[PDB]
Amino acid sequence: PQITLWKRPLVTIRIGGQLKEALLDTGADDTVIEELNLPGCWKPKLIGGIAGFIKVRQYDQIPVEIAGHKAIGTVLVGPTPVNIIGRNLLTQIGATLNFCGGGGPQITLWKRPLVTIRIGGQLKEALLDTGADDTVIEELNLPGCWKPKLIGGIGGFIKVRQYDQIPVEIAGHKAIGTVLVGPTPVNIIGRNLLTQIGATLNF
């Protein structure tokens, strides 16, 4: 399918025989699913996100059907806020990110989808994250007014400053919208700006 990003990219998956809903997440290295039992052997791991680390169980070589497309790979199980399909399995199903519905750059997901952005006069690197509602930038002295906000994900919540109507050029494509500023470990471009540049998921 071709999937636009006006709403969260939620799909049905089948894993262990069970149907579950999960988010297609270009900003996730790995696939992480809420607590459940998987047939077999696992090992403990820690993984990180916007707001810290959590402990998970790693299962290897697990068959997963994602909207009808077959994958077999690593699934992490633990207290994730949302079930997420990460790049380890998105690559198996042939998923790419495409600008302007395919006329613009194609970005494969073998490595993190990092691109150059321009914001407040400054050039920065940022991750294109289909699993982020909002755009979150590293502490930057933007002039202007703001409101407090808290945003969540793996590890909990962080406090940020919400600025509106901020221009953000992404790989040469102009966007303008809300930007959240705070201590994120990676600059994140979320769906609020990805939609403005005609970014789609395709497989």
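Don't overthink the numbering: it's just position in the shown sequence, from 1.
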Check: If you average the CA temperature factors over each stretch, which comes out higher, 27-35 or 138-146?
Finding: 138-146
Next item on the list: Tell me, lowest, middle or highest third: where does the Cα B factor of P9 rank within its chain?
Entry: middle
Check: Hey, what third does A126 fall into on Cα B-factor, ranked over its chain?
Finding: lowest
Check: If you rank every modelled residue in this chain by C-alpha B factor, which third holds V168: lowest, middle or highest?
Finding: highest
Next item on the list: Taking the values exactly as deposited, rank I158 by C-alpha B-factor within its chain and report the matching third: lowest, middle or highest.
Entry: lowest
Next item on the list: Could you tell me which third, lowest, middle or highest, the C-alpha B-factor of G152 occupies within its chain?
Entry: lowest
